[PDB]
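Everything on this sheet refers to the single structure shown next.
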There are 2 protein chains.
Amino acid sequence: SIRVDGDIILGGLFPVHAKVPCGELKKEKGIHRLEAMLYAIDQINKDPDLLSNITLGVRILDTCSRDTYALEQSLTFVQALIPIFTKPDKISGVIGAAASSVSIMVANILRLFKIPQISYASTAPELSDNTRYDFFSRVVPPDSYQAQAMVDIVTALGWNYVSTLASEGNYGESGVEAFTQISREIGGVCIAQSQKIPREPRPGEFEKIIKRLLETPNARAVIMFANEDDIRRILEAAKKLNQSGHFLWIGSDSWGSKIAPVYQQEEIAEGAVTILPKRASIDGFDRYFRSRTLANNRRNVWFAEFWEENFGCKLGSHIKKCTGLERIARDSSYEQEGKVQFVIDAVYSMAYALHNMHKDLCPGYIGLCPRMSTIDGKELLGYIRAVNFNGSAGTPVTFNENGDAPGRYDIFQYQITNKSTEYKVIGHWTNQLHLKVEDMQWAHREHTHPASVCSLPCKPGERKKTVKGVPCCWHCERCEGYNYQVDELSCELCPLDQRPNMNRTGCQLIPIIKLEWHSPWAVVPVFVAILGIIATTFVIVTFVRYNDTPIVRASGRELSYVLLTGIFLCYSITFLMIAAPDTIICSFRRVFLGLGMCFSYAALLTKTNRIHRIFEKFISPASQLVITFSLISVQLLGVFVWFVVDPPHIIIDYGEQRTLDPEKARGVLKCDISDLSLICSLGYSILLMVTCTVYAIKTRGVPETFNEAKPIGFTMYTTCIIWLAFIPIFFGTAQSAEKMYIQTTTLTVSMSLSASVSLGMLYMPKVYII
Amino acid sequence: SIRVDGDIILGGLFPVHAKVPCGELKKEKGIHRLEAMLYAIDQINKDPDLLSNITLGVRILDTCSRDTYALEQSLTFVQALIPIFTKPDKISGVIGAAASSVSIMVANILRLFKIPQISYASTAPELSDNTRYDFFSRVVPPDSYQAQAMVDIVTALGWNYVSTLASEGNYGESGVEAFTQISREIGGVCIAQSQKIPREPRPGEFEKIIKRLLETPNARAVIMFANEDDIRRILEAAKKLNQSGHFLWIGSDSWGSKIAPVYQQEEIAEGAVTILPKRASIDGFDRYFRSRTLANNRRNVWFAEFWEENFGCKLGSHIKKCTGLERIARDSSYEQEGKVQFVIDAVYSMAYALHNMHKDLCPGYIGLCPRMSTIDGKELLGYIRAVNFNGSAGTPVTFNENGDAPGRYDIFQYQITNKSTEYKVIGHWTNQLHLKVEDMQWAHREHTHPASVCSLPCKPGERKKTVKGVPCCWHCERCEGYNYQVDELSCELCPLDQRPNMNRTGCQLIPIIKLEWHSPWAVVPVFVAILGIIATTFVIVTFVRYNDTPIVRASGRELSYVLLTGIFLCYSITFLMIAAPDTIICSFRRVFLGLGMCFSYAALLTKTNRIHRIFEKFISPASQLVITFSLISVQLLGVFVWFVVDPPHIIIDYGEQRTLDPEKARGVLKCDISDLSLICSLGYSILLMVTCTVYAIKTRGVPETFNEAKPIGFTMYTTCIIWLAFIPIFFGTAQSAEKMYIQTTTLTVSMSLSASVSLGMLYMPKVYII
Ligand SMILES: N[C@](CC1c2ccccc2Oc2ccccc21)(C(=O)O)[C@H]1C[C@@H]1C(=O)O
Ligand SMILES: N[C@](CC1c2ccccc2Oc2ccccc21)(C(=O)O)[C@H]1C[C@@H]1C(=O)O
């Protein structure tokens, strides 16, 4: 209870003593902060251009790290609303703070009474909502803003799969929850595990915690939000359990820049990312400390306790009279707190709020106005969250709509080297991230920056199926096969005319194979074909020169001409059916087939007709010319109408071959000549064969006549069986893979065999010598 | 501020005066309740076996329907924690209530200090959660328990589609929200509309509200939760807008049992469901009122104001000395409040809590114990919610875990009749619903109970598709067609052999139609068939008797026998192919077909063979017997192997007919005799025909011989064309719907025509007279 005059009175709650009130002068926490508050008030009342003639007053009470004691004191604040009675004060703002769950309770009791309250040290995420704390402002970063630093650094280093660790308190739980929530929304990071310790661990607990963190050897980032016991005991109990070089630690101030947690556990904590609230050094207030005497500070009720506990003398034991002694040399090691700047900033913000309210409510009139006499709570709260000023550090102090303060942290890193063991500054976090990546050193099992990704980007051509529920993880599967590889998750089929590339991705044309001119199957047919076209040509040459000569007289008639033409055409098609297929070749092959088949058989039938039926015009010229021209014209028109013969149209078997291995699958350059087309084409040939067979069965009972007409029948009979053998060897070739090879060989050889039989008893031995 | 002695002191907040404090003695609200509290305390201190020698004290303060004034008074409660100074009191419980937002604020300031608070009149749903009101108990039903009555009655009457109405306040909004929430979870009810009025309506607002409630003429239940202005103005502004007999009203106490809202708007509110908190009548406290003098009630600070405002005399104007006058006769119309029972119940509950705590904390020792000297807040709160007692009504008072009280309401109904205009009691709601349905009267446009269902259950066979998002609504679609009707939403196809029932649901066998024996298409073939079997039989009779007779000598040989047999068989199959199909009939038809076709044609060929080729064994017996027996045995084995002839197997065309109308669709009893089977069956007949044609073309150049052999050829030629005509009229019948009819007629008539041609020049005119 400190009474300082004033015209606008404020209040102050401070943690003098410790956890009704136990006796331990908390010193740094309490006394320092009281002196800071009174100091800042003292320079507020001197600045001529801050609040004009208005003066400030102060009502400083005590809290002993208890919630209820602070409740009684906050009741003491509000007592002007309830014979030498003195006028009570009128508090227009409360400026006090401590560990949380104290600011919470005073915030409730003060929001019930529309009194603003600005805190300097209370940093609890639960105190970050307008509901239930509409009147609570804060001039220090929330601890939830610390969880935005770990997320940013984890994203910056590329880690997406981490393991969180915490302690059972209101600190660890809230910090881990904020880390999880920021990890959500903005994605890119995943949490493998979340292990929370108890307040008191049973024997072996740390071993189980370590081994369950060691269960998944892919998450090697441990974001610890937990007090010193976890640090010390996890880093020491991992020595003989051998997780060294397997976990990288990122911790909050609970670890901080301290060296006490690990006295020698340095090889288990060879790397760390530590976040600390920024710090300053107030010069005028240190002077205030240095100028405080005993005859001056009668303003402090509990200041003799400071004299007794800061030097060890019980004035009321060294029993020293204590004379007069400045508190630097005769005092023990001296240092101030880091939170004095915030308790100065709070009172400055409140004074600025009052000044800004004066600017509007009471214009021009120096001092006060009756309108301004009552300091309305709502207007003051509105003006408090409207200040953008800077003081006592050179750094700005401002509040968002919630009333919190922007967070300014710094980041330290821990490594070792010969003679070097320190906490280098790798950067900071003031509404953004600033990391000196090249400054970081992880020189224990990781030469470059370490890795914690759940899965690793694969080679192209291996479809990566993201496992459901965890984008940070996936599993790669080969997409080899006829299907092409399009995207990371997309690989669909490429067209059958595109063999999939041997590069495990891409597609290319299938090679096309064709019956080759030089092959171990076509050489013997072309050879026998040319052998035939030599001997047959020789005989034809013999006949024509000697048409009138006896014995060859029957040969002189054009019947022999037509038979020879048919034989030569058969041989020609035998040769041509071998060479490489082309756009129009096969149509020519078909026309030649029709032509030769008509010629030879028509000659055979007309000769048989002339020979036999005449036993009951007969002359060779008349009969032959008519029938030959007629039948040739018939087949000529049959060819002309392009029903059996195909157009230049062809087929390429790019993908018709169904080989499981694309590589060895091939194709053929096949004219689209159907087997039914072949059968119907030779149908007229079959009819001629049937007619000639009937005629020669009639001849079988041959009249005496001559002897040259029986070989005609015999040769035709042999050719009948020779050609009938073809049909089974036409149908049976479809089963084999080399359908084209066997089909072409059998057709060509069967034609050559029929031709050679016609070259037999028909006209060879009759002219052995002519 | 009232001071009453005591050893355990309680507190009381009451609404004396009205909305710093304006001067209007609120009377019924304040004074009555103060007297009730002091009365209940007076009988608490007399009961020998309630709290033993412990005595109670009282601290009664005032609230003037303001939140802040109550805040100051609640500060006054807690002042024992902060030279003739007197010892302040120690309140161990607060017993006070008012309209809400006052109990809320005192509950906050008291939960900060672990002081129990039991309310008697504060009924706000927001005060129904352990969070922020852990120390607030209630001895009156929440208004949220009223929203459980409307839901129950709406479910009981069958309504599932209603329209909610509200007023812009903390009453209407919360009530409608609770109604919606209870409408969810347990389903069965839907809300068509939710219209909320403003605090001040612009001109025409009510017209727009009425017309938007009138937009959907299917929801005719209006659950109003709104104060009197809505009642009066909506019921009066609907007169000329003609929504009478279109909305049924269910309202809360804001309407209540009052008659002031509608002075004459009775035909727009001819029916109502009103919910009211239950009521009692305290007898001892009315006596307390009657026994209060002026020289006694010095215990009340504000009691002269009651004397002045309850009679009109300013003692300090009738300026009457006021003598001594009891407050019944010389006083104006006297009546008490309904909430006195609750303020008695609160103090009784607190005293019982203290007694129960004494039972455990201090055993056996009468008076007090040092352990029991401090009345811990947590233990007292635990014991408060452990009481199951009854008093001051005969009804029980108890608290759930939340601290609320069970709700006991009654339900009134408003109707009119000649000379009757009242609020009958249709039942109540005490943790359940009790409705006298037969007591309700809606005798204005609804003789029976009215209806508000969004959709109406349809007839079976009409699939009801529930509209998504609203189970209470659906749309019925006919499911006529071959698909059967299974369930309300399920109607799938029934088997093709089951015509869907004409009952719009069900399936039944399709009638099967067959070629009938008496038909306008089969009569002429069967008639010509029997005509043939008469004349042919007559000729056969003639031949056999006269085999040796000349002219008939050629007929004597069994060649004529075989021809006659063939003709008779043809006629027989002509007859049989008409009658109804059966299991095995068609196989017999096929065998007879083969037999007759073989017989007739074989005879024709063998006769032709005997006649012609012999110009270059010849005797009738030898030749005929061999060939006839051989060919008949051939066809006999052909039949025996059941390849062409089908087994007893048959087909029924239950659903093969594809008629869009199932009703007229039919089926046929068809043997599975394929057309290819017919063609291949007659193939041997075709071969015989071809052979005979060749033979008779050879005969055409007939030798002189005789003249009976040329009709053989001529008749065969005619039969050739007659039978060849059948094939086009065999193939062309498939297009027509009556495929069976035309096919059977053409086959049978073609057979009869061929038979009649064989009955022509073969053997008829050669025996004109024998
Ligand atoms: N920021 C503090 C302390 C903060 C903390 C906050 C909430 C709960 C636990 C908790 O424990 C730790 C442990 C290590 C580092 C910081 C904290 C606050 O209580 O708000 C504030 C008391 C500190 C001060 O007054 O100097
Ligand atoms: N039940 C009351 C009143 C209830 C209500 C509750 C909440 C908000 C508004 C509100 O206004 C209406 C209007 C008409 C009927 C009942 C209420 C409570 O305040 O809880 C309480 C005042 C009653 C009393 O003190 O006798």
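Don't worry about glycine lacking a Cβ; one is built from the backbone with ideal geometry, like all the others, and counts go over all protein chains shown. Throughout, read-outs are computed from the coordinates displayed, never taken from laboratory work.
Just one of A:88, A:116 is away from ligand 1 (no atom under 16 Å from the Cβ) and farther than 20 Å from residue B:109 by Cα; which is it?
On the way: A:116 fails: farther than 20 Å from residue B:109 by Cα.
Residue meeting the stated conditions: A:88.
Suppose we filter A:215, A:207 for residues that are in contact with a strand residue (DSSP E or B) (Cβ under 9 Å, 6 or more places away or on another chain), more than 25 Å from residue A:142 (Cβ to Cβ) and acidic (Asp, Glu); which single one remains?
On the way: A:207 fails: in contact with a strand residue (DSSP E or B) (Cβ under 9 Å, 6 or more places away or on another chain).
It is A:215.
Among the residues that make up the range A:382-403, is at least one of them within 14 Å of chain B (Cβ to nearest Cβ), part of a helix (DSSP H, G or I), more than 30 Å from residue A:17 (Cβ to Cβ) and more than 16 Å from ligand 1 (Cβ to nearest atom)? Write out each step before concluding.
Narrowing the range A:382-403 to residues within 14 Å of chain B (Cβ to nearest Cβ): none.
So far as the range A:382-403 goes, no, none of its residues is within 14 Å of chain B (Cβ to nearest Cβ), part of a helix (DSSP H, G or I), more than 30 Å from residue A:17 (Cβ to Cβ) and more than 16 Å from ligand 1 (Cβ to nearest atom).
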Q: For residue A:60, work out the one condition from (1) within 14 Å of chain B (Cβ to nearest Cβ); (2) crowded, with 19+ Cβ neighbours inside 10 Å it doesn't fulfil.
A: (1)
Q) What strands (runs of 3 or more DSSP E) completely inside the range A:71-151 contain at least 3 residues that are over 28 Å from residue A:177 (Cβ atoms) and within 14 Å of chain B (Cβ to nearest Cβ)? A) none
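Checking the conditions here, which among A:466, A:448 is exposed (fewer than 12 other Cβ atoms within 10 Å of the Cβ) and either under 24 Å from the mean Cα position of the chain (by Cα) or more than 30 Å from residue A:708 (Cα to Cα) (or both)? Give the steps one after another, and end with the answer.
On the way: A:466 fails: exposed (fewer than 12 other Cβ atoms within 10 Å of the Cβ).
A:448 is the lone residue from the list that is exposed (fewer than 12 other Cβ atoms within 10 Å of the Cβ) and either under 24 Å from the mean Cα position of the chain (by Cα) or more than 30 Å from residue A:708 (Cα to Cα) (or both).
For every residue, the table says whether it meets (1) within 16 Å of ligand 2 (Cβ to nearest atom); (2) under 38 Å from the mean Cα position of the chain (by Cα); (3) within 15 Å of residue A:96 (Cα to Cα); (4) surrounded by fewer than 24 Cβ atoms within 10 Å (Cβ to Cβ).
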| site | (1), (2), (3), (4) |
| --- | --- |
| A:111 | no, no, yes, yes |
| A:114 | no, no, no, yes |
| A:117 | no, no, yes, no |
| A:125 | no, yes, no, yes |
| A:130 | no, no, no, yes |
| A:136 | no, no, yes, no |
| A:141 | no, yes, no, yes |
| A:144 | no, yes, no, yes |
| A:147 | no, yes, no, no |
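Being more than 22 Å from residue B:748 (Cα to Cα) and assigned to a loop (DSSP other than H, G, I, E, B) is the requirement here; does residue B:549 meet it?
Details: more than 22 Å from residue B:748 (Cα to Cα): yes; assigned to a loop (DSSP other than H, G, I, E, B): yes.
It is true that residue B:549 is more than 22 Å from residue B:748 (Cα to Cα) and assigned to a loop (DSSP other than H, G, I, E, B).
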**Q.** Given (1) surrounded by 13 or more Cβ atoms within 10 Å (Cβ to Cβ); (2) outside any strand (DSSP E or B); (3) out of contact with any helix residue (DSSP H, G or I) (no Cβ under 9 Å at 6 or more places or on another chain); (4) of a type outside the set (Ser, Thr, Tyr), index of the condition residue A:322 fails
**A.** (3)
Q: Within the range A:481-500, work out how many residues are of a type outside the set (A, V, I, L, M, F, W, C), surrounded by 16 or more Cβ atoms within 10 Å (Cβ to Cβ) and out of contact with any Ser or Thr (no Cβ under 6 Å at 6 or more places or on another chain).
A: 6
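Would you check which residues across the range A:41-60 are more than 20 Å from residue A:387 (Cα to Cα) and either part of a loop (DSSP other than H, G, I, E, B) or touching a strand residue (DSSP E or B) at 6+ places or on another chain (Cβ under 6 Å) (or both) and list them?
In the first step, residues of the range A:41-60 are kept if they are more than 20 Å from residue A:387 (Cα to Cα); the result is A:42, A:46, A:53, A:55, A:57-60.
Listed by number, the residues that qualify are A:46, A:53, A:55, A:57, A:58, A:59, A:60.
Can you pull out the residues in the range B:469-479 that are over 26 Å from residue B:187 (Cα atoms) and buried (at least 16 other Cβ atoms within 10 Å of the Cβ)?
Going residue by residue through the range B:469-479, those that are over 26 Å from residue B:187 (Cα atoms) are B:478-479.
Of everything in the range B:469-479, just one residue is over 26 Å from residue B:187 (Cα atoms) and buried (at least 16 other Cβ atoms within 10 Å of the Cβ), namely B:479.
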(Q) Restricting to the range B:63-83, name every residue that is among the charged types (D, E, K, R) and in contact with a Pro (Cβ under 8 Å, 6 or more places away or on another chain). (A) B:66
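Go through the residues of the range A:348-362 one by one and say whether even a single one is loosely packed, with under 11 Cβ neighbours inside 10 Å, part of a loop (DSSP other than H, G, I, E, B) and either within 16 Å of ligand 2 (Cβ to nearest atom) or not basic (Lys, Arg) (or both).
Step one: filter the range A:348-362 for residues loosely packed, with under 11 Cβ neighbours inside 10 Å, giving A:359-360.
So of that shortlist, the ones also part of a loop (DSSP other than H, G, I, E, B) come out as none.
No: the range A:348-362 contains no residue that is loosely packed, with under 11 Cβ neighbours inside 10 Å, part of a loop (DSSP other than H, G, I, E, B) and either within 16 Å of ligand 2 (Cβ to nearest atom) or not basic (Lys, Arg) (or both).
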Q: Could you figure out which of (1) outside any helix (DSSP H, G or I); (2) small (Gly, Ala, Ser); (3) within 59 Å of the chain's Cα centre (by Cα) isn't true of residue A:36?
A: (1)
Q. Exactly one of (1) within 16 Å of ligand 1 (Cβ to nearest atom); (2) within 22 Å of residue A:173 (Cα to Cα); (3) surrounded by fewer than 20 Cβ atoms within 10 Å (Cβ to Cβ) is unmet by residue A:275. Its number?
A. (3)
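Name the one entry in A:341, A:336 that is within 52 Å of the chain's Cα centre (by Cα) and surrounded by fewer than 17 Cβ atoms within 10 Å (Cβ to Cβ).
Numbers: A:341 fails: surrounded by fewer than 17 Cβ atoms within 10 Å (Cβ to Cβ).
Criteria check complete, one pass: A:336.
Out of all the residues in the range A:325-358, which are within 16 Å of ligand 1 (Cβ to nearest atom) and within 30 Å of residue A:311 (Cβ to Cβ)? Reasoning before the result, please.
Step one: list which residues in the range A:325-358 are within 16 Å of ligand 1 (Cβ to nearest atom), which gives A:335-346.
Those that are within 16 Å of ligand 1 (Cβ to nearest atom) and within 30 Å of residue A:311 (Cβ to Cβ): A:335, A:336, A:337, A:338, A:339, A:340, A:341, A:342, A:343, A:344.
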Q: Determine whether residue A:46 is of a type in the set (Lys, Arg), out of contact with any helix residue (DSSP H, G or I) (no Cβ under 9 Å at 6 or more places or on another chain), within 27 Å of residue B:80 (Cα to Cα) and away from every other protein chain (no Cβ under 14 Å).
A: no
Q.
Just checking, does the range A:65-76 include any residue being away from ligand 2 (no atom under 16 Å from the Cβ), in contact with a strand residue (DSSP E or B) (Cβ under 7 Å, 6 or more places away or on another chain) and closer than 18 Å to residue A:380 by Cβ?
A. no
Q. Which one is nearest to ligand 2 (Cβ to nearest atom), of the residues in the range B:152-168 that are assigned to a loop (DSSP other than H, G, I, E, B) and not aliphatic (A, V, I, L, M)?
A. B:167
Q.
If I ask for residues that are within 21 Å of residue B:410 (Cβ to Cβ) and exposed (fewer than 14 other Cβ atoms within 10 Å of the Cβ), which ones from the range B:258-272 would you list?
A. B:258, B:259, B:260
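If you check residue A:97 against the conditions, is it within 16 Å of ligand 1 (Cβ to nearest atom), under 51 Å from the mean Cα position of the chain (by Cα) and buried (at least 24 other Cβ atoms within 10 Å of the Cβ)?
Working: within 16 Å of ligand 1 (Cβ to nearest atom): yes; under 51 Å from the mean Cα position of the chain (by Cα): yes; buried (at least 24 other Cβ atoms within 10 Å of the Cβ): yes.
When the stated conditions are applied, residue A:97 passes them.
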